[PDB]
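Below: structure_16.csv (CSV, C-alpha atoms and all ligand atoms)
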```
chain,number,residue,atom,x,y,z
A,1,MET,CA,112.8,90.9,94.2
A,2,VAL,CA,108.9,90.7,94.2
A,3,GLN,CA,107.5,87.4,92.9
A,4,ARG,CA,106.2,87.3,89.3
A,5,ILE,CA,102.8,85.7,88.7
A,6,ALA,CA,101.0,84.6,85.6
A,7,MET,CA,97.6,86.2,85.8
A,8,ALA,CA,95.9,83.6,83.6
A,9,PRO,CA,97.1,80.6,81.5
A,10,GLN,CA,99.0,82.3,78.6
A,11,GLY,CA,98.0,85.6,80.3
A,12,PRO,CA,100.2,88.5,81.3
A,13,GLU,CA,102.9,88.1,84.0
A,14,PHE,CA,102.5,90.7,86.8
A,15,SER,CA,104.3,91.5,90.0
A,16,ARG,CA,102.7,89.9,93.0
A,17,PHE,CA,102.3,93.3,94.6
A,18,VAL,CA,100.7,96.1,92.5
A,19,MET,CA,101.1,99.8,93.1
A,20,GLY,CA,97.6,101.4,93.1
A,21,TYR,CA,97.2,105.0,92.2
A,22,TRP,CA,93.6,105.7,93.4
A,23,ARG,CA,94.9,108.3,95.8
A,24,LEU,CA,97.6,109.9,93.6
A,25,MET,CA,96.1,113.4,93.7
A,26,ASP,CA,95.9,113.2,97.5
A,27,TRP,CA,99.7,112.8,97.7
A,28,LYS,CA,100.3,116.2,96.2
A,29,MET,CA,103.5,115.1,94.4
A,30,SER,CA,105.2,117.2,91.8
A,31,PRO,CA,105.9,115.3,88.6
A,32,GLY,CA,109.5,114.9,89.6
A,33,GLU,CA,108.5,113.4,93.0
A,34,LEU,CA,106.2,111.0,91.3
A,35,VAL,CA,109.0,110.0,88.9
A,36,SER,CA,111.2,109.2,91.9
A,37,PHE,CA,108.4,107.3,93.6
A,38,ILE,CA,107.8,105.2,90.5
A,39,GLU,CA,111.5,104.5,90.0
A,40,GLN,CA,111.8,103.4,93.6
A,41,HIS,CA,108.9,101.0,93.5
A,42,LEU,CA,110.0,99.6,90.2
A,43,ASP,CA,113.4,99.0,91.8
A,44,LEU,CA,111.7,97.1,94.5
A,45,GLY,CA,110.1,94.8,91.9
A,46,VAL,CA,106.7,96.5,92.0
A,47,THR,CA,106.2,96.7,88.3
A,48,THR,CA,102.4,96.5,87.9
A,49,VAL,CA,100.5,99.7,88.4
A,50,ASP,CA,96.7,100.1,88.8
A,51,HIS,CA,94.7,103.0,87.4
A,52,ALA,CA,91.1,103.9,86.3
A,53,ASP,CA,89.8,106.6,84.0
A,54,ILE,CA,87.7,108.1,86.9
A,55,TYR,CA,90.4,108.3,89.6
A,56,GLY,CA,91.1,111.7,91.1
A,57,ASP,CA,88.2,113.3,89.3
A,58,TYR,CA,89.7,112.0,86.0
A,59,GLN,CA,93.2,113.3,86.9
A,60,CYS,CA,95.3,110.5,88.2
A,61,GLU,CA,96.0,109.0,84.8
A,62,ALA,CA,97.1,112.4,83.4
A,63,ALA,CA,99.4,113.1,86.5
A,64,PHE,CA,101.0,109.6,86.0
A,65,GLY,CA,101.4,110.6,82.4
A,66,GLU,CA,103.4,113.6,83.3
A,67,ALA,CA,105.9,111.3,84.9
A,68,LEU,CA,106.0,109.0,81.9
A,69,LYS,CA,106.7,112.0,79.7
A,70,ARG,CA,109.6,112.9,82.0
A,71,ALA,CA,111.0,109.4,82.1
A,72,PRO,CA,109.7,107.5,79.0
A,73,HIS,CA,112.2,104.7,79.5
A,74,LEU,CA,110.1,103.6,82.5
A,75,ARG,CA,107.2,102.3,80.4
A,76,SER,CA,109.1,99.2,79.4
A,77,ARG,CA,109.6,98.3,83.1
A,78,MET,CA,106.0,98.4,84.1
A,79,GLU,CA,102.6,96.8,83.3
A,80,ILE,CA,99.8,99.4,83.2
A,81,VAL,CA,96.2,98.4,84.3
A,82,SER,CA,93.4,100.9,83.8
A,83,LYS,CA,89.7,100.6,83.8
A,84,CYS,CA,86.5,102.0,82.4
A,85,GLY,CA,82.7,101.7,82.7
A,86,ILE,CA,82.0,104.2,85.5
A,87,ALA,CA,80.7,107.7,85.0
A,88,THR,CA,80.9,110.0,88.0
A,89,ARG,CA,79.5,113.5,88.8
A,90,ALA,CA,83.0,114.9,88.4
A,91,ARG,CA,81.9,115.3,84.8
A,92,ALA,CA,79.4,118.1,84.3
A,93,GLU,CA,77.4,116.1,81.8
A,94,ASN,CA,76.7,113.4,84.4
A,95,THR,CA,73.9,114.4,86.7
A,96,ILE,CA,74.0,111.0,88.4
A,97,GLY,CA,76.7,108.4,89.1
A,98,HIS,CA,76.1,105.6,86.7
A,99,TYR,CA,77.7,103.1,84.3
A,100,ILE,CA,78.5,103.3,80.6
A,101,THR,CA,79.6,100.0,79.0
A,102,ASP,CA,78.6,100.6,75.4
A,103,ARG,CA,81.2,99.8,72.7
A,104,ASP,CA,82.1,103.4,71.7
A,105,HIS,CA,82.6,104.6,75.2
A,106,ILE,CA,84.9,101.7,76.0
A,107,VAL,CA,87.0,102.3,72.9
A,108,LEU,CA,87.2,106.0,73.5
A,109,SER,CA,87.8,105.7,77.2
A,110,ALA,CA,90.8,103.4,76.6
A,111,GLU,CA,92.1,105.7,73.9
A,112,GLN,CA,91.8,108.6,76.3
A,113,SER,CA,93.6,106.5,78.9
A,114,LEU,CA,96.5,106.1,76.4
A,115,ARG,CA,96.7,109.9,75.8
A,116,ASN,CA,96.5,110.6,79.6
A,117,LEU,CA,99.2,108.1,80.4
A,118,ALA,CA,101.6,109.2,77.6
A,119,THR,CA,101.8,105.6,76.4
A,120,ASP,CA,100.9,103.7,73.2
A,121,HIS,CA,99.3,100.7,74.9
A,122,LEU,CA,97.7,99.4,78.1
A,123,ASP,CA,98.7,96.0,79.4
A,124,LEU,CA,95.3,95.3,80.9
A,125,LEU,CA,91.9,97.1,80.6
A,126,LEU,CA,89.1,96.3,83.1
A,127,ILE,CA,85.4,96.8,83.1
A,128,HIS,CA,85.3,98.7,86.5
A,129,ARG,CA,81.9,97.5,87.8
A,130,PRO,CA,79.2,95.1,86.7
A,131,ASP,CA,76.5,97.0,84.9
A,132,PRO,CA,72.8,95.9,84.7
A,133,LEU,CA,72.8,97.5,81.2
A,134,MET,CA,76.0,95.7,80.1
A,135,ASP,CA,75.5,94.0,76.7
A,136,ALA,CA,78.3,91.5,76.6
A,137,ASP,CA,78.3,91.5,72.7
A,138,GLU,CA,79.1,95.2,72.7
A,139,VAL,CA,81.9,94.9,75.2
A,140,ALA,CA,83.4,92.1,73.2
A,141,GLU,CA,83.3,94.2,70.1
A,142,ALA,CA,85.2,97.0,71.9
A,143,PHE,CA,87.8,94.6,73.3
A,144,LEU,CA,88.5,93.2,69.8
A,145,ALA,CA,88.9,96.6,68.3
A,146,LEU,CA,91.3,97.5,71.1
A,147,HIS,CA,93.2,94.2,70.9
A,148,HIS,CA,93.4,94.1,67.1
A,149,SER,CA,94.8,97.7,67.0
A,150,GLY,CA,97.5,96.9,69.5
A,151,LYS,CA,96.1,99.4,72.0
A,152,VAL,CA,95.4,96.9,74.8
A,153,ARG,CA,97.2,93.6,75.5
A,154,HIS,CA,94.8,91.9,77.9
A,155,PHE,CA,91.3,92.4,79.3
A,156,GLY,CA,89.6,91.8,82.6
A,157,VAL,CA,86.9,92.8,85.0
A,158,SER,CA,86.5,94.2,88.5
A,159,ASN,CA,83.9,93.4,91.1
A,160,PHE,CA,82.1,90.9,89.0
A,161,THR,CA,80.0,88.0,90.3
A,162,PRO,CA,80.8,84.6,88.7
A,163,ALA,CA,77.6,84.8,86.6
A,164,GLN,CA,78.7,88.3,85.3
A,165,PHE,CA,82.2,86.9,84.7
A,166,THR,CA,80.9,83.9,82.8
A,167,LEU,CA,78.5,86.0,80.7
A,168,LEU,CA,81.4,88.2,79.4
A,169,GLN,CA,83.9,85.5,79.1
A,170,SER,CA,81.5,83.6,76.8
A,171,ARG,CA,81.8,86.3,74.2
A,172,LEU,CA,85.6,86.5,74.2
A,173,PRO,CA,88.1,84.4,72.2
A,174,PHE,CA,90.8,85.1,74.9
A,175,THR,CA,90.7,84.6,78.6
A,176,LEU,CA,89.8,87.4,81.0
A,177,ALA,CA,93.0,88.0,82.9
A,178,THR,CA,91.6,89.0,86.4
A,179,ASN,CA,88.5,89.8,88.4
A,180,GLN,CA,89.8,92.7,90.5
A,181,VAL,CA,87.9,92.5,93.8
A,182,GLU,CA,88.0,93.6,97.4
A,183,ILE,CA,89.9,91.2,99.7
A,184,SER,CA,90.9,91.9,103.3
A,185,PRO,CA,90.5,90.5,106.8
A,186,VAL,CA,88.0,93.3,107.2
A,187,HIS,CA,86.1,92.3,104.1
A,188,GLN,CA,85.8,88.5,103.5
A,189,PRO,CA,82.5,87.6,101.8
A,190,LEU,CA,84.3,86.8,98.5
A,191,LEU,CA,86.2,83.9,100.2
A,192,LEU,CA,82.9,82.0,100.5
A,193,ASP,CA,80.4,83.4,98.0
A,194,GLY,CA,82.0,81.7,94.9
A,195,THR,CA,84.0,84.6,93.5
A,196,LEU,CA,87.4,83.2,94.6
A,197,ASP,CA,86.3,79.6,94.0
A,198,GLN,CA,85.7,80.4,90.3
A,199,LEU,CA,89.0,82.3,89.9
A,200,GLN,CA,91.0,79.4,91.5
A,201,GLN,CA,89.1,76.9,89.3
A,202,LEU,CA,90.0,78.8,86.1
A,203,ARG,CA,93.5,79.7,87.4
A,204,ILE,CA,92.8,83.4,87.0
A,205,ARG,CA,94.5,85.6,89.7
A,206,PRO,CA,92.5,88.4,91.4
A,207,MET,CA,94.1,91.8,92.0
A,208,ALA,CA,93.0,92.6,95.5
A,209,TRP,CA,91.8,96.1,96.5
A,210,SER,CA,91.6,97.9,99.8
A,211,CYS,CA,93.6,95.2,101.5
A,212,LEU,CA,93.9,97.5,104.5
A,213,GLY,CA,90.3,98.6,104.4
A,214,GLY,CA,91.3,102.0,102.9
A,215,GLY,CA,92.7,102.7,106.4
A,216,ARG,CA,89.8,101.2,108.3
A,217,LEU,CA,92.1,98.5,109.7
A,218,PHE,CA,93.9,101.2,111.7
A,219,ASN,CA,91.1,103.5,112.7
A,220,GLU,CA,87.7,101.7,113.2
A,221,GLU,CA,86.9,100.6,116.8
A,222,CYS,CA,85.3,97.3,115.9
A,223,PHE,CA,88.6,96.1,114.5
A,224,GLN,CA,90.5,96.5,117.8
A,225,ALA,CA,90.5,92.8,118.3
A,226,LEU,CA,91.9,92.3,114.8
A,227,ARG,CA,94.7,94.7,115.5
A,228,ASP,CA,95.6,92.9,118.8
A,229,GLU,CA,95.8,89.5,117.0
A,230,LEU,CA,97.8,90.9,114.1
A,231,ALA,CA,100.2,92.3,116.6
A,232,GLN,CA,100.5,88.9,118.3
A,233,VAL,CA,101.0,87.1,115.0
A,234,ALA,CA,103.5,89.7,114.0
A,235,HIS,CA,105.5,89.0,117.1
A,236,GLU,CA,105.4,85.3,116.4
A,237,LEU,CA,106.4,85.8,112.7
A,238,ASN,CA,109.0,88.5,113.4
A,239,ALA,CA,107.1,90.9,111.1
A,240,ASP,CA,107.6,94.6,111.2
A,241,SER,CA,104.0,95.8,111.3
A,242,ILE,CA,100.4,94.6,111.4
A,243,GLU,CA,99.9,95.4,107.8
A,244,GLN,CA,102.7,93.1,106.7
A,245,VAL,CA,100.8,90.3,108.5
A,246,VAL,CA,97.6,91.4,106.7
A,247,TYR,CA,99.4,91.2,103.3
A,248,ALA,CA,100.7,87.7,104.2
A,249,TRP,CA,97.1,86.8,105.2
A,250,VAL,CA,95.9,87.8,101.7
A,251,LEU,CA,98.8,86.2,99.9
A,252,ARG,CA,98.1,82.9,101.6
A,253,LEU,CA,94.7,82.6,99.9
A,254,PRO,CA,94.8,79.8,97.3
A,255,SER,CA,93.4,82.0,94.5
A,256,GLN,CA,96.8,83.7,94.9
A,257,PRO,CA,95.6,87.3,95.0
A,258,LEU,CA,97.8,90.3,94.1
A,259,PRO,CA,97.6,92.8,96.9
A,260,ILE,CA,97.4,96.4,95.6
A,261,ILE,CA,99.4,98.9,97.7
A,262,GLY,CA,97.6,102.2,98.2
A,263,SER,CA,100.1,104.1,100.2
A,264,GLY,CA,101.9,107.1,98.8
A,265,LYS,CA,104.9,106.7,101.2
A,266,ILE,CA,107.6,104.6,99.6
A,267,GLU,CA,108.7,103.4,103.0
A,268,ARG,CA,105.3,101.8,103.5
A,269,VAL,CA,105.6,100.4,100.0
A,270,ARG,CA,109.0,99.0,100.8
A,271,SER,CA,107.7,97.5,104.1
A,272,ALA,CA,104.5,96.1,102.5
A,273,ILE,CA,106.4,93.7,100.2
A,274,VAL,CA,108.5,92.3,103.0
A,275,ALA,CA,105.2,90.3,103.7
A,276,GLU,CA,106.4,87.9,101.0
A,277,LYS,CA,109.0,86.5,103.4
A,278,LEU,CA,106.6,85.7,106.2
A,279,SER,CA,105.6,82.0,106.9
A,280,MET,CA,102.0,82.2,108.3
A,281,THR,CA,100.6,79.0,109.7
A,282,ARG,CA,97.1,77.9,109.1
A,283,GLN,CA,96.3,78.5,112.8
A,284,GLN,CA,97.7,82.0,112.6
A,285,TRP,CA,95.5,82.5,109.5
A,286,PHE,CA,92.3,81.3,111.2
A,287,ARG,CA,93.2,83.2,114.4
A,288,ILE,CA,93.3,86.4,112.3
A,289,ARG,CA,90.1,85.5,110.5
A,290,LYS,CA,88.2,84.9,113.8
A,291,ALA,CA,89.6,88.2,115.3
A,292,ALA,CA,88.2,90.1,112.3
A,293,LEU,CA,84.8,88.3,112.2
A,294,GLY,CA,84.3,87.4,115.9
A,295,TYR,CA,83.2,83.8,115.3
A,296,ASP,CA,84.7,80.5,114.5
A,297,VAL,CA,84.6,78.6,111.2
A,298,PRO,CA,81.6,76.2,111.0
A,301,LIG,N1,88.5,98.0,91.3
A,301,LIG,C1,87.9,98.8,92.3
A,301,LIG,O1,86.7,99.0,92.4
A,301,LIG,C2,88.8,99.5,93.4
A,301,LIG,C3,88.3,100.2,94.5
A,301,LIG,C4,89.1,100.7,95.4
A,301,LIG,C5,90.5,100.7,95.2
A,301,LIG,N2,91.0,100.1,94.1
A,301,LIG,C6,92.5,100.0,93.9
A,301,LIG,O2,93.2,99.3,95.2
A,301,LIG,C7,94.2,100.0,95.5
A,301,LIG,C8,94.4,100.0,97.0
A,301,LIG,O3,93.2,100.5,97.6
A,301,LIG,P1,93.4,101.4,98.9
A,301,LIG,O4,94.0,102.7,98.5
A,301,LIG,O5,92.1,101.6,99.7
A,301,LIG,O6,94.5,100.5,99.7
A,301,LIG,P2,94.5,100.2,101.4
A,301,LIG,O7,95.9,99.7,101.7
A,301,LIG,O8,93.5,99.3,101.9
A,301,LIG,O9,94.3,101.7,102.0
A,301,LIG,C9,95.3,102.7,101.8
A,301,LIG,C10,95.0,103.8,102.8
A,301,LIG,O10,95.4,103.5,104.0
A,301,LIG,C11,96.7,104.4,104.4
A,301,LIG,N3,97.7,103.7,105.2
A,301,LIG,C12,98.6,102.7,104.8
A,301,LIG,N4,99.3,102.4,105.9
A,301,LIG,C13,98.8,103.0,106.9
A,301,LIG,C14,99.1,103.0,108.3
A,301,LIG,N5,100.2,102.2,108.9
A,301,LIG,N6,98.5,103.8,109.1
A,301,LIG,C15,97.5,104.6,108.7
A,301,LIG,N7,97.2,104.6,107.4
A,301,LIG,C16,97.8,103.8,106.5
A,301,LIG,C17,97.1,105.0,103.3
A,301,LIG,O11,97.6,106.4,103.5
A,301,LIG,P3,99.2,106.8,103.3
A,301,LIG,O12,99.5,107.1,101.8
A,301,LIG,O13,99.5,108.0,104.1
A,301,LIG,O14,100.1,105.6,103.7
A,301,LIG,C18,95.9,105.1,102.4
A,301,LIG,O15,95.2,106.2,102.7
A,301,LIG,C19,93.8,101.4,95.0
A,301,LIG,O16,94.9,102.2,94.7
A,301,LIG,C20,93.1,101.2,93.7
A,301,LIG,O17,94.1,101.0,92.7
A,301,LIG,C21,90.2,99.5,93.2
```
Represent the structure contained in this file as structure tokens.
Amino acid sequence: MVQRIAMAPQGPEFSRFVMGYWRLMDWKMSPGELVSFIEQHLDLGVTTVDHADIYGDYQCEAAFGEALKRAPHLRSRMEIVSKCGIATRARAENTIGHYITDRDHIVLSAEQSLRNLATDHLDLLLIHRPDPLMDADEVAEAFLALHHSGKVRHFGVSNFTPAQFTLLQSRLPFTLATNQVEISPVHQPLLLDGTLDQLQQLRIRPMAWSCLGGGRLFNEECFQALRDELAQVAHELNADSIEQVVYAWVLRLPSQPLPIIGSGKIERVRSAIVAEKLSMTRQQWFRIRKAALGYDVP
């Protein structure tokens, strides 16, 4: 089944592919359909699932929780990731989109995540975005309260620069387990700006979001050349689709990213993880890179 990967030295073990529930409300599944969807991706070996407090106007967590109430035995088969730190205008009290990373909000957000998800613990809690008002001492207090109470097993960040990563890690007695960042052929600046250098150096694995550009891979005109090349490499690799080749292109990176699947169709989920079997050459990798960017490596 899907490869298991240690997220950090003595960190949690995740599935190499993650099921992301950003778009859960868009799928318009009944709780029973969601149970079946979860059961099927667990059976494929997709055990790690990705959430945030804000997703679906603060509804995805609770909808996922309706499934876990229906089939509580499923909790022991999965690793739950959720996030906090963002405040959207979906809440009436928020007249602007902003960030909240104070201690009490982090503790209370995770506690609310537990109630929404119908579970007694999170495997991993992320700070969702770097915040110019983040006091690392206060986040550290919140993490220890959550870890010491057994409510959260591991902690991480998302979309952090290396300086922001290092700032927070300096306050923590345990290793941050991921920096969940955007990695795709259509979005590559983290390959060179130091983010993926730091993660490889520390042996911390990134969860990778919008690996398909949130759909932009299929629909934006300026990626016609990328689609053509992915099709040619798919033919060479006997892959089933261009997205399988994209997933192989992400999996090839030496930080060993974990692609997060965003599709609500279990057949796309099933097809995505076939990417593990592909044997992409370096030249195929650099051919795909050039097709996306338009220019050669220096
Ligand atoms: N930490 C962060 O800041 C952050 C930000 C964004 C996302 N994320 C996480 O990353 C996960 C994945 O992000 P994402 O949802 O944008 O993933 P993605 O794979 O890049 O985009 C998924 C979108 O593309 C569609 N899709 C898949 N295959 C397609 C195909 N052959 N043709 C046309 N459309 C296709 C999907 O719709 P269908 O369901 O119809 O297949 C879905 O709408 C999210 O669930 C979330 O957990 C994190």
For this session: For each of A:26, A:66, A:138, A:13, take the minimum atom-to-atom distance to ligand LIG 301 (chain A), counting all atoms listed in the file, then give the residue where this is smallest.
Result: A:26
Using all atoms listed in the file, I'd like a table of the residues in segment 175-250 of chain A that come within 9 Å of segment 139-160 of chain A; for each, show the closest atom pair and its distance in Å rounded to one decimal, ordered by chain and ascending number, as a Markdown table.
```
| residue | atom | partner | partner_atom | distance |
| --- | --- | --- | --- | --- |
| A:175 | CA | A:155 | CA | 7.9 |
| A:176 | CA | A:156 | CA | 4.7 |
| A:177 | CA | A:156 | CA | 5.1 |
| A:178 | CA | A:156 | CA | 5.1 |
| A:179 | CA | A:157 | CA | 4.8 |
| A:180 | CA | A:158 | CA | 4.1 |
| A:181 | CA | A:159 | CA | 4.9 |
| A:182 | CA | A:159 | CA | 7.5 |
| A:195 | CA | A:160 | CA | 8.0 |
| A:206 | CA | A:158 | CA | 8.8 |
| A:207 | CA | A:158 | CA | 8.7 |
```
Would you save the residues of that selection, restricted to C-alpha atoms, as a PDB file, keeping the file's coordinate frame?
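The resulting out_35.pdb:
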```pdb
ATOM      1  CA  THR A 175      90.700  84.600  78.600  1.00  0.00           C
ATOM      2  CA  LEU A 176      89.800  87.400  81.000  1.00  0.00           C
ATOM      3  CA  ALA A 177      93.000  88.000  82.900  1.00  0.00           C
ATOM      4  CA  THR A 178      91.600  89.000  86.400  1.00  0.00           C
ATOM      5  CA  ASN A 179      88.500  89.800  88.400  1.00  0.00           C
ATOM      6  CA  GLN A 180      89.800  92.700  90.500  1.00  0.00           C
ATOM      7  CA  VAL A 181      87.900  92.500  93.800  1.00  0.00           C
ATOM      8  CA  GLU A 182      88.000  93.600  97.400  1.00  0.00           C
ATOM      9  CA  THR A 195      84.000  84.600  93.500  1.00  0.00           C
ATOM     10  CA  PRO A 206      92.500  88.400  91.400  1.00  0.00           C
ATOM     11  CA  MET A 207      94.100  91.800  92.000  1.00  0.00           C
TER      12      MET A 207
END
```
For this session: Neighbourhood query: residues within 8 Å of (92.3, 91.5, 100.6), file coordinates, counting only C-alpha atoms; return as a VMD selection string.
Result: chain A and resid 182 to 185 187 to 188 208 to 212 247 250 257 259
For this session: Would you list the residues that come within 7 Å of ligand LIG 301 (chain A)? Count only C-alpha atoms and all ligand atoms and give the answer as a VMD selection string.
Result: chain A and resid 19 to 23 50 to 51 128 to 129 158 to 159 180 to 181 208 to 215 218 243 260 to 265 268
Exercise. Taking into account all atoms listed in the file, which residue in the set A:122, A:204, A:248, A:133 is nearest to residue 100 of chain A?
Worked result: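 Of the candidates, the smallest distance to residue 100 of chain A is held by A:133.
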Problem set entry | Surrounding residues of residue 112 of chain A excluding itself and chain neighbours under 2 positions, 12 Å, only C-alpha atoms, as a VMD selection string | chain A and resid 52 to 54 58 to 59 61 to 62 65 82 to 84 104 to 110 114 to 122 151
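Going from atom CA of residue 27 of chain A over to atom CA of residue 49 of chain A, you cover 16.1 Å.
With all atoms listed in the file as the basis for measurement, A:36 is the residue among A:36, A:166, A:238, A:47 that approaches residue 266 of chain A most closely.
Atom CA of residue 45 of chain A sits 11.5 Å away from atom CA of residue 274 of chain A.
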Exercise. Separation of atom CA of residue 113 of chain A and atom CA of residue 132 of chain A, in Å?
Worked result: 24.1 Å
Problem set entry | Neighbour residues at most 10 Å from (105.8, 91.2, 92.8) (all atoms listed in the file) as a list in words |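 Here the neighbourhood of the point contains residues 1, 2, 3, 4, 5, 13, 14, 15, 16, 17, 18, 19, 42, 44, 45, 46, 47, 48, 258, 259, 273 and 276 of chain A.
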For this session: Using all atoms listed in the file, find the one residue out of A:111, A:131, A:228, A:236 that sits nearest to residue 87 of chain A.
Result: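 Using all atoms listed in the file, residue 87 of chain A sits closest to A:131.
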Could segment 3-20 of chain A be completed with N, CA and C atoms and returned as a PDB file, keeping the file's coordinate frame?
```pdb
ATOM      1  N   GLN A   3     107.895  88.582  93.692  1.00  0.00           N
ATOM      2  CA  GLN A   3     107.500  87.400  92.900  1.00  0.00           C
ATOM      3  C   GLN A   3     106.743  87.892  91.624  1.00  0.00           C
ATOM      4  N   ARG A   4     107.010  87.198  90.512  1.00  0.00           N
ATOM      5  CA  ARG A   4     106.200  87.300  89.300  1.00  0.00           C
ATOM      6  C   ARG A   4     105.157  86.258  89.262  1.00  0.00           C
ATOM      7  N   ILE A   5     103.984  86.603  88.732  1.00  0.00           N
ATOM      8  CA  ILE A   5     102.800  85.700  88.700  1.00  0.00           C
ATOM      9  C   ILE A   5     102.107  85.766  87.410  1.00  0.00           C
ATOM     10  N   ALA A   6     101.800  84.613  86.830  1.00  0.00           N
ATOM     11  CA  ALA A   6     101.000  84.600  85.600  1.00  0.00           C
ATOM     12  C   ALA A   6      99.539  84.801  85.987  1.00  0.00           C
ATOM     13  N   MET A   7      98.926  85.838  85.399  1.00  0.00           N
ATOM     14  CA  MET A   7      97.600  86.200  85.800  1.00  0.00           C
ATOM     15  C   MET A   7      96.533  85.224  85.270  1.00  0.00           C
ATOM     16  N   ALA A   8      96.813  84.560  84.157  1.00  0.00           N
ATOM     17  CA  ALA A   8      95.900  83.600  83.600  1.00  0.00           C
ATOM     18  C   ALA A   8      96.785  82.662  82.697  1.00  0.00           C
ATOM     19  N   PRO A   9      96.321  81.449  82.385  1.00  0.00           N
ATOM     20  CA  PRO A   9      97.100  80.600  81.500  1.00  0.00           C
ATOM     21  C   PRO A   9      97.303  81.362  80.156  1.00  0.00           C
ATOM     22  N   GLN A  10      98.572  81.495  79.766  1.00  0.00           N
ATOM     23  CA  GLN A  10      99.000  82.300  78.600  1.00  0.00           C
ATOM     24  C   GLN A  10      98.530  83.776  78.786  1.00  0.00           C
ATOM     25  N   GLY A  11      98.320  84.220  80.024  1.00  0.00           N
ATOM     26  CA  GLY A  11      98.000  85.600  80.300  1.00  0.00           C
ATOM     27  C   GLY A  11      99.220  86.402  80.570  1.00  0.00           C
ATOM     28  N   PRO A  12      99.056  87.638  81.016  1.00  0.00           N
ATOM     29  CA  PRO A  12     100.200  88.500  81.300  1.00  0.00           C
ATOM     30  C   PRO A  12     100.878  88.028  82.631  1.00  0.00           C
ATOM     31  N   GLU A  13     102.164  88.328  82.735  1.00  0.00           N
ATOM     32  CA  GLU A  13     102.900  88.100  84.000  1.00  0.00           C
ATOM     33  C   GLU A  13     102.968  89.471  84.690  1.00  0.00           C
ATOM     34  N   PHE A  14     102.490  89.499  85.927  1.00  0.00           N
ATOM     35  CA  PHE A  14     102.500  90.700  86.800  1.00  0.00           C
ATOM     36  C   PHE A  14     103.442  90.492  87.956  1.00  0.00           C
ATOM     37  N   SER A  15     103.697  91.597  88.662  1.00  0.00           N
ATOM     38  CA  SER A  15     104.300  91.500  90.000  1.00  0.00           C
ATOM     39  C   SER A  15     103.284  91.166  91.016  1.00  0.00           C
ATOM     40  N   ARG A  16     103.696  90.370  92.009  1.00  0.00           N
ATOM     41  CA  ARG A  16     102.700  89.900  93.000  1.00  0.00           C
ATOM     42  C   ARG A  16     102.102  91.028  93.776  1.00  0.00           C
ATOM     43  N   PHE A  17     102.868  92.089  94.025  1.00  0.00           N
ATOM     44  CA  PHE A  17     102.300  93.300  94.600  1.00  0.00           C
ATOM     45  C   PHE A  17     102.168  94.335  93.479  1.00  0.00           C
ATOM     46  N   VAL A  18     101.051  95.060  93.518  1.00  0.00           N
ATOM     47  CA  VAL A  18     100.700  96.100  92.500  1.00  0.00           C
ATOM     48  C   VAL A  18     100.725  97.423  93.245  1.00  0.00           C
ATOM     49  N   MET A  19     101.135  98.472  92.537  1.00  0.00           N
ATOM     50  CA  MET A  19     101.100  99.800  93.100  1.00  0.00           C
ATOM     51  C   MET A  19      99.773 100.464  92.541  1.00  0.00           C
ATOM     52  N   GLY A  20      98.880 100.832  93.454  1.00  0.00           N
ATOM     53  CA  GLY A  20      97.600 101.400  93.100  1.00  0.00           C
ATOM     54  C   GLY A  20      97.643 102.918  93.230  1.00  0.00           C
TER      55      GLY A  20
END
```
